[PDB]
Each structure stands twice: as C-alpha cells, then as structure tokens.
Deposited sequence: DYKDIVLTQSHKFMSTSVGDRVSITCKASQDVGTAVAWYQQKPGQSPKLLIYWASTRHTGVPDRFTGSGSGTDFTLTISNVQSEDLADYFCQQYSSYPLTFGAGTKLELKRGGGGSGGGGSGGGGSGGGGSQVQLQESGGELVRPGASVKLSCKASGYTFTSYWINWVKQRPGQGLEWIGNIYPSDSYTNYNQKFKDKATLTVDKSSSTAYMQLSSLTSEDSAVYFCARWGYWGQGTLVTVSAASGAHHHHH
C-alpha cells in the first residue's frame, strides 16, 4: 500500500511574531526520509528541510524540522509576513514518493516548457532544460499539481542511462525520456482528459522548475 501522509490542518491562522508548528503523520515508518516544502501562489515549491531536520541551503534559521518514524513536525519560530504560504511534507523512503495534502498558513536551474491548450484525447510533450550542474548525476522527477490542489508524483528518470520509475497510477499515461546532448528531460502524456489539466513540474534534489501549465479543453 502507498504511504499516506496526513497533515491535519488544511489551514492554520497565526500572527506575525508567533511560533507555528505543522505536523505530518505517515501511515508507515519512513525513518527520517521526509522533506518539507513552502509554496506561494503561482510559484514552485521551495525545499526547506530534508532528512526530517536538516535545513536546506539558504533557508532562515526560523525554520526547524523534527521527528522520525511516523510523526514529523515543521516549526517556524518567529513568523514573518513572507512565511505566509502553503507547506507540504513529502516522504522519499519508498515508491511511489508521496506528499501530504498541504497546510495553508495565514545556480541550479530547470526551465520547463511545452504547456499549452491541447485537444482531449491527444498527447502533449513537456520539456525541462537543466543547467548549472551535471545533468547525468541527478534523478529528475515529475510532479503534477491540479489548480488549487496538492502534489502527486508521476515518476522519475536517471539521465545517465534513462532508468525510470513510475507511479502505478501513471504507468502508461506518461513516458519519461532525456536528451543528454541538450541536458533536457521530457515527459509525454497521452489520451488527455480534463483530469490531466494541471501544472507539471520537473525537479531534482533541492530544486524545482517553474512549472508548465497543460490545459485540455
């Protein structure tokens, strides 16, 4: 059974200066293979914490993470205006990678392209141009985010040899490939329906692309 992460507060209210804690409980033991992300409207998720309690490069000391096993916590000590955003936990213990549903608090580069209007039933090809690091040394992941909804992992690919892993839910709907020469990863989706309309992100450890919007209509 897929690992389910539960963040019990879709919304949390706070005031500038306050301390806030958001929790995430895993349906299964995930060791400390948990990451926390911040995401603001119209922007891509930003990595805050990984391995449950390690702060990512450039994240203010205001953010701390803790926990192991099934219970994890993200704490922001002295809330600032710029911290008002959605927060998501994610586990990377085993496939399929999964995310919590989100809590709304109130030189590496990946450039995506390809998103547009597409006719139902047809196919679309999304691209993700990687730069600023060695393309063949990091797994590239693709994630789907339907407007106003949460994150769903589609699958990943190792560029050196194109080994792939797919979320069973997407096993034939999508195919992942790369072009080593231009450092770009691609994802093609077939038999499109409105359930496929969404923003699609490519991401490697630590960095997400800006997202590309696919609209089936």
**Message:** If I number the deposited sequence starting at 1, which residue ranges have no C-alpha coordinates at all?
**Reply:** 1-2, 109-131, 243-252
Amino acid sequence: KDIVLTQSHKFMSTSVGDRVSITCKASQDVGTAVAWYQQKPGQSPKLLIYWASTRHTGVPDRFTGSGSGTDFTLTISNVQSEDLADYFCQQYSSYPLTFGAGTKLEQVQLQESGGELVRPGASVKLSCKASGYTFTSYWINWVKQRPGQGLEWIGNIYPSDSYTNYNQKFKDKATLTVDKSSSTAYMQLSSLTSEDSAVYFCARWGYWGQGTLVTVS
From here on, numbers count along this sequence of modelled residues.
**Message:** Mean Cα B factor from the PDB record: higher for 135-143, or higher for 79-87?
**Reply:** 79-87
**Request:** Tell me which of 56-64 and 29-37 has the higher mean C-alpha B-factor in the deposited entry.
**Result:** 56-64
**Request:** For the C-alpha B-factor as written in the entry, point me to the maximum among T73, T98, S127, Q107.
**Result:** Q107
**Item:** Chain-wide C-alpha B factor ranking for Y207, given as lowest, middle or highest third
**Value:** middle
**Item:** Where the record places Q43 (Cα B-factor, split into thirds across the chain)
**Value:** highest
**Request:** Check where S183 lands among this chain's C-alpha B-factors and tell me if it's the lowest, middle or highest third.
**Result:** middle
**Message:** Quick check for you: using the entry's CA B-factors within this chain, is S162 in the lowest, middle or highest third?
**Reply:** middle
**Request:** Place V199 in the lowest, middle or highest third of its chain's C-alpha B-factors, as listed in the PDB entry.
**Result:** lowest
